[PDB]
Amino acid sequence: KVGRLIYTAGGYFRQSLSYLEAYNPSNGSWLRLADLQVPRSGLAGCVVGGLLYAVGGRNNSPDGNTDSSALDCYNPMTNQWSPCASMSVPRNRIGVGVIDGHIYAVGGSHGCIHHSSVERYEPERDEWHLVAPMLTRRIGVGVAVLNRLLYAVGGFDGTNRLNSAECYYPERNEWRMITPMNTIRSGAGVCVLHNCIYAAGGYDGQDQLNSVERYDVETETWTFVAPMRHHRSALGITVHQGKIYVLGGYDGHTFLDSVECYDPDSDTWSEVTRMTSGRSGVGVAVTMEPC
């Protein structure tokens, strides 16, 4: 369990960013690591087999704006990024989840189109294949995995921001709606902690949110927990040692550098560190510290 860091990749502040930085909760330190080959905001991060993957996004630059179909792999032992097989389609404002060593890429945008499509990556074959599409087109969608089921929560379908959510059952290659959240959320942070899917922050169409709600998969209900100290949309999120960490985002005024930490036992959020600069639209995941 020891020696794991919270990695933040990419993001946006004035333009899409190439940063890869890693935070050590045990000592409060940040390390700046190898830049992404291509700056990207609106991407997702995940880890399989100790390797960090950066998936999708968009390069917003002064010289153009290009949605990304890329999958890039970072090896902490070498501090190097390597390209992996690209997805079938560019996916900005993507969500990803990992089931049994496979990466699922969910939704996202390409230009004006809002995807319902979903595809699955096999690291052992370096191949992607499409699986069943969601019941709803979703960009800015939160994705998490609990009990080897994939959840897609909230987002924006091209016309409305969504409180709806749905679950993918891999053995049937089928999506089913679940109870909708109490709040419309696009660009929330979605993660799993114990037996619940948490949806933190986001944008409801009017304001960035500090509220946080959790879906208990046994009871099929969404319940609010303590709100974050900051309203935030387009935040990064991960879980580490039984606590939720939220990173950055936008509060309606400022690109946040705040990192907050939720303790489920006390139902409290605390400020734990600040990123080296404020940013939104990051990918986040946890893996071994680099060499």
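Note that residue numbering begins at 1 and tracks the sequence as displayed.
- Averaged over CA atoms, B-factors in the entry run higher in 118 to 126 than in the other of 85 to 93 and 118 to 126.
- Stretch comparison (72 to 80 versus 98 to 106) by mean CA B-factor in the PDB entry places 72 to 80 on top.
- Take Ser211, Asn147, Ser164, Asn160 and read off each C-alpha B-factor from the entry; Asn160 has the highest.
- Of the candidates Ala54, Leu51, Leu235, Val225, the PDB record gives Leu51 the highest C-alpha temperature factor.
- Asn59: CA B factor lies in the middle third for its chain, per the PDB record.
- The deposited CA B-factor of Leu20 belongs to the middle third of values across its chain.
- Among all modelled residues in its chain, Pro170 ranks in the middle third by Cα B-factor.
- Per-chain ranking of the deposited C-alpha B factor places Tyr250 in the middle third.
- In this PDB entry, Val284 carries a Cα temperature factor that places it within the lowest third of its chain's modelled residues.
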